[PDB]
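Visitor: Questions regarding the structure given below will be posed in turn.
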Amino acid sequence: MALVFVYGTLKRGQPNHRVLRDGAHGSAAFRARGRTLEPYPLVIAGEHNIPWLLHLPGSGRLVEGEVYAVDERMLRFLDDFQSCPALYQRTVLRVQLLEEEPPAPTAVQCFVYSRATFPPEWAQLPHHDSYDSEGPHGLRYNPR
């Protein structure tokens, strides 16, 4: 089992969220809303308008997303859905949980799909805090 932080097309309401719910792939259970503790550049790039968490921690913005508890079947499926390791890589980060003594913990370690190798100019594309395919940029995700 593991936790995965999703920020892109896998979030609730986004075009690929279904794959989290297809029991042929294993299990995924929503655990919490989260925000990265460190900023990253999250950019929409390429001809499908895919969102990419570029692996440049310490630059960009804090990224909002969702934490899911997944089984090992779902994690192996996701790795292949994301074309790892050629396209994305599964890396690790810590996330702030978005909702006294002792107080509740406010952070958790998760896997995330990040991208280490990219056209350098992608780093200067608009940085997003929260991705939406149907967001104000108009760059709708399109898998065609």
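Order determines the names: the first chain of the structure tokens is A, the second B, and so forth; residues in each chain are numbered 1 upward, and ligands are numbered 1 upward as they are shown.
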Would you please give, as a count of residues only, all residues of chain A that DSSP assigns to strand (DSSP E) based on the backbone?

Guide: 47

Visitor: Quick one: which segment 66-144 of chain A residues come within 7 Å of segment 2-15 of chain A, and what is the nearest atom pair for each with the distance in Å to one decimal, counting only C-alpha atoms, rows ordered by chain and ascending number, as JSON lines?

Guide:
{"residue": "A:66", "atom": "CA", "partner": "A:6", "partner_atom": "CA", "distance": 5.3}
{"residue": "A:67", "atom": "CA", "partner": "A:5", "partner_atom": "CA", "distance": 4.6}
{"residue": "A:68", "atom": "CA", "partner": "A:4", "partner_atom": "CA", "distance": 5.3}
{"residue": "A:69", "atom": "CA", "partner": "A:3", "partner_atom": "CA", "distance": 4.5}
{"residue": "A:70", "atom": "CA", "partner": "A:2", "partner_atom": "CA", "distance": 5.5}
{"residue": "A:71", "atom": "CA", "partner": "A:2", "partner_atom": "CA", "distance": 6.4}
{"residue": "A:110", "atom": "CA", "partner": "A:3", "partner_atom": "CA", "distance": 4.9}
{"residue": "A:111", "atom": "CA", "partner": "A:4", "partner_atom": "CA", "distance": 4.7}
{"residue": "A:112", "atom": "CA", "partner": "A:5", "partner_atom": "CA", "distance": 5.3}
{"residue": "A:131", "atom": "CA", "partner": "A:8", "partner_atom": "CA", "distance": 5.8}
{"residue": "A:132", "atom": "CA", "partner": "A:14", "partner_atom": "CA", "distance": 6.8}
{"residue": "A:133", "atom": "CA", "partner": "A:14", "partner_atom": "CA", "distance": 6.7}

Visitor: Would you mind telling me which residue in A:82, A:114, A:36, A:49 lies nearest to residue 130 of chain A when using only C-alpha atoms?

Guide: A:36

Visitor: Point out the residue among A:39, A:77, A:89, A:64 with the least atom-to-atom distance to residue 22 of chain A, counting only C-alpha atoms.

Guide: A:77

Visitor: Measuring between only C-alpha atoms, which one of A:144, A:115, A:61, A:127 shows the shortest distance to residue 38 of chain A?

Guide: A:61

Visitor: Among chain A, which ones does DSSP assign to helix (DSSP H, G or I) (computed from the backbone)? Answer as a VMD selection string.

Guide: chain A and resid 17 to 20 23 to 25 72 to 81 120 to 124

Visitor: Can you pull out the residues contacting residue 45 of chain A? Cut-off 10 Å, using only C-alpha atoms, and skip same-chain residues under 3 positions away; I want them as a PyMOL selection string.

Guide: chain A and resi 42+48-52+118-119+122-123+125-126+139

Visitor: Need the shell around residue 24 of chain A: protein/DNA/RNA residues with any atom at most 12 Å away, counting only C-alpha atoms. Skip same-chain ones fewer than 6 positions apart. Format as a PyMOL selection string?

Guide: chain A and resi 18+73-74+77

Visitor: Please measure the separation of atom CA of residue 116 of chain A and atom CA of residue 76 of chain A, giving the value in Å to one decimal.

Guide: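 Spanning atom CA of residue 116 of chain A to atom CA of residue 76 of chain A is a straight-line distance of 19.9 Å.
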
Visitor: Rounded to one decimal place, report the atom CA of residue 25 of chain A-atom CA of residue 108 of chain A distance in Å.

Guide: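 Pair atom CA of residue 25 of chain A / atom CA of residue 108 of chain A returns 24.2 Å.
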
Visitor: Could you work out how far atom CA of residue 90 of chain A lies from atom CA of residue 134 of chain A, giving the answer in Å with one decimal?

Guide: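 One can read the atom CA of residue 134 of chain A to atom CA of residue 90 of chain A distance as 25.6 Å.
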
Visitor: With only C-alpha atoms as the basis for distance, which of A:93, A:78, A:98, A:87 is at the shortest distance from residue 19 of chain A?

Guide: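 Among A:93, A:78, A:98, A:87, it is A:78 that comes nearest to residue 19 of chain A.
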
Visitor: Taking only C-alpha atoms into account, which of A:113, A:44, A:59, A:128 comes nearest residue 79 of chain A?

Guide: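 The answer is A:113, which sits nearest to residue 79 of chain A.
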